[PDB]
Each structure stands twice: as C-alpha cells, then as structure tokens.
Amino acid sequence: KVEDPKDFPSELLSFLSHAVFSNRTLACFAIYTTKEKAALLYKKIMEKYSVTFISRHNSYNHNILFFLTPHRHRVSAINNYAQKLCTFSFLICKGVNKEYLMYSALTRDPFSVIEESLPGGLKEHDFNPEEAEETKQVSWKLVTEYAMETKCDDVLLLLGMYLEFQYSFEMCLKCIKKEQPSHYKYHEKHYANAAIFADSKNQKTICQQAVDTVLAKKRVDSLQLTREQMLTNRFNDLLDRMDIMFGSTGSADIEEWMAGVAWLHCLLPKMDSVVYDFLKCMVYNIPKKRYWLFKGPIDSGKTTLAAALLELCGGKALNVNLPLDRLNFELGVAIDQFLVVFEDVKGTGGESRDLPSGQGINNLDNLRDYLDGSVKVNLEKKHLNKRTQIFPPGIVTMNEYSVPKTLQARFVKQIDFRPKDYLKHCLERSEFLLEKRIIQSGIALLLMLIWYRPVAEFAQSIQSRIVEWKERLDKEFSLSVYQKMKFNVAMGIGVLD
C-alpha cells in the first residue's frame, strides 16, 4: 500500500455510491481516513448532524466512519466539512447505498468494530423495520441463487421447496426440528422473497429459469474437470451421504452394509479388483474400449452389480428394447451422465426358447457410433435442443443371447455371471440386504473399495477421508467379525448369523 489508499477497499465498493458527479442527497455516509482523524471526526460528525447512528471501524491499518443521518445531505457538504478538520492526511468519504450490507460487512472480518452509538448493531434506515408498504416484487435472482447453492436440478423440487419458505420462520417446526438441511439453512434468508413468491403468477417460470441456470454452470464447470476428478467428486457426495447415514443420528446400521460387502465380494472372483479395473476403464474412457458386457442367466447378479456400479460413479440405465421410433427419447436420458448401463438387452430368435425376444441387441448393433465414442452424437429431449456430446461409456447386461460379431467387438471385456447357490441361500436369510436395497447400492461398493484398495489408489484430494474411514471400519469390524460374515456367506447361512 502507498500508506494512503486512493479509495475504499474492493470489498465494500458494491455498497457505495458509484457517482462521480451528482447533487443527490443521501442519509448514509462512510468516511475512510487515518486512525487519529477518524477518532476525531467520530465526535465532530456525531453532533454536527445530530446523527441517529454512527460507528468507527478498523480497515487495513486505517479507519472507516459509517454513520446514519436524520436528514439528507450531499456528500459534497459531508466532504467539505471533514476536510476543514484535517488540512492533511487522506480522507475519502462517499455515500452509502447499501446501509445494512455496508455496516454488516464492517462488523465482520477483515473489518472490526471500535465504537458505535448502539451496541446491538442497527435496524432503522437499514433494516429489520422500515420495510413499510413499498411495491413488492419477486426476486428471480434470489430463487435461482437458492437453486444454485442446493445444486438443484428439478423444477418440481425447487417449486415445492421454495413454497415452504413462504411461511413464518420464527415458529417453523421444520426449521426447529431441523429435518432437512437444504431448508433450515435457507428459509430465514429466502423467507421474505418466498412470501412474495406465494403470490406470483409465474412461479413455474421462475423455477424453470433458475434450474436452467444451474444446469448451465454445471456443464461449464465439467469442462474444466478431468474425469478422475468427476469421479472423486462423486465419491465425495457418496461419502457425505454416508457420514449422515452411519451417523450418531440416522437409520443405517453400518454392520448391515458391511454384510452386503461380504456378499458382493463373492459375486465374482477378486471382486474388489474388478471394480477397480472397471472404474479405470470408465475414467480413462478410451474410444472403442469403454464398454463391458455382463452376460448371464436370470438372477445371476449381472443386474445387481450393474446397478451398484451405476450408482457408484453416478449415471442412469436405459432400456433399448423398443421400436426405433421411440429409441431416441430413451437414449437421451444418457445426457450429462458419467456412465450408462443398458439393462437387460434382449435379442430376437436365438439360443432355444424360454428366452424373451426383443430388439435391444439389434438396436445396439446400430449404435456403434454411440458405443465407440469416437464421434459425438445428438442426444435429444422433448421441446429442447438436440444436445451434442460423446455418448457416455458403460455396461450392457444381457441373458444368453447370440451377440453379433459387430456388436461383440464393441465390448472391450465380457464377464459371465454364473448362479451360485451358496449366494442365493445366503440371501434367503438376509431379507434386510434386499429390503434396504444394499447389494444394489453404490455405497456398498464404495465401502468395499475403502476396505480392500490401498489408500494410495484413491485420489490424493480425498485420501484424507479414505484413511479416516478406513480406520473407522477397523475398530468396528476386526479381522474376526468380518471374516465371520464371509464365512456364513460362503456357507450360505446368513451374513450376520
């Protein structure tokens, strides 16, 4: 610093008048000078205008005098006055247009308070009161903002969540009982706007445009992300869900989920490694080498695992067993998805009978450009614009049908699931694993990684969590408690007992 700043810190500028030549009169001013000069003017100004409020602050080894005047005055006069009392030093006084926000920012770092004609801050020209009967307009900006912070992407959810804020905050059972975080954290703030929102004739539009803005930023921020980064982010959100689940407060017996792991690890040879290999194939996403084929009988695990994996990295599954004149709206669900999963692809005529016939395989054989991922495609939605992008990678699960040579080639890897009675029986005595839908859950798989993969594998950015989580499982499940689960599962009894 040149020891005397040439203007207010760029942290309060948006609250000050941007005028350069105006004879407008204000009632809220802010001077920025030296510690000694401020200290002095604090008393000179106080009486000079019979202020209704005033307060000195600290700013970058200097002072800032924020005061509210009863009557209106133009910065001109306020300035010409403070001048006469200095004759030297630096003095930059301006008009304040954001009273509260200004004072507010000044009471918090990097600004500190020193003096003030009122200990409890203030609420006059500024606010809590004086709201009176001015024209009430809804703030679309504030709705979108909300959507942004809650990373909202569903108009229905938004509309309903915001309508909740319409009600009084102080005595809101929902905020007291603190049921949903994405509510008790934004209500008080969005309360005023919401109440006005409850009267808007454009509710839907306000929400649609909001959610559209979030989807916008999201698609942009993705471009600046690797892909291993996207997976790390996903692992994070999944980990965030987990903290709440197995938390001191929440329905989620960590023991019941570790049971699923013990079950999912017997679904295939070296399960923990497969997932890792899988994840890498999805992260690297290599042209003509980004799809796996899960092939097997009904109730062989190919569906459960595919689902799990699908939730792990995040994404959606689609059903291409339909007329090509309806195959496009379905293919479109893949948009902006990390990975895709073609669930239960059917074939026509094949391998004897008892096998449902369908177009699923035919269709896939006419979507090589979608599987190869060499050239982008035009995924579409209703009433929207044909969004173009590289089709996401994924898995394809199918029964024992005949796969055309052309299609096969697009499957860098094929896994054959063979029914295991010792697994089927184990489940028949573990209702909770199907009840709480744990074997088809990605959280179940993520735990598995945390329990088998070395800390060094996961991204450095979150290795911290992985370690703390790993240690969490160690104390909870000794090399005995868990071994008991694997044993029972291998013997087909009951994961727990």
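Numbering starts at 1 and runs along the sequence shown.
**Student:** May I ask you to compare 415 to 423 and 83 to 91 by their mean CA B factor in the entry and name the higher one?
**Tutor:** It is 83 to 91 that shows the higher mean C-alpha B-factor.
**Student:** Higher average CA B factor in the deposited record is what I'm after, so tell me if that's 98 to 106 or 317 to 325.
**Tutor:** That would be 98 to 106.
**Student:** Of the options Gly358, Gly394, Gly160, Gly247, which has the highest CA B factor as deposited?
**Tutor:** Answer for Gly358, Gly394, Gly160, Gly247: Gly247, with the highest C-alpha B-factor.
**Student:** Name the one of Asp237, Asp372, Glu188, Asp253 with the greatest CA B-factor according to the PDB entry.
**Tutor:** That would be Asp253.
**Student:** Ranking every modelled residue in this chain by its Cα temperature factor as given in the entry, which third contains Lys295?
**Tutor:** According to the entry, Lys295 has a C-alpha B-factor in the chain's lowest third.
**Student:** Please place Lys177 in the lowest, middle or highest third of its chain according to the CA B-factor in the PDB entry.
**Tutor:** Highest third of the chain for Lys177's C-alpha B-factor.
**Student:** Quick one: classify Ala30 as lowest, middle or highest third of the chain based on its Cα B-factor.
**Tutor:** Bottom third by C-alpha B-factor.
**Student:** Comparing against every modelled residue in the chain, figure out the third that the C-alpha B-factor of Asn285 lands in (lowest, middle or highest).
**Tutor:** Middle third by C-alpha B-factor.
**Student:** For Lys141, does the deposited CA B-factor place it in the lowest, middle or highest third of the chain?
**Tutor:** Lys141: CA B-factor falls in the lowest third of its chain.
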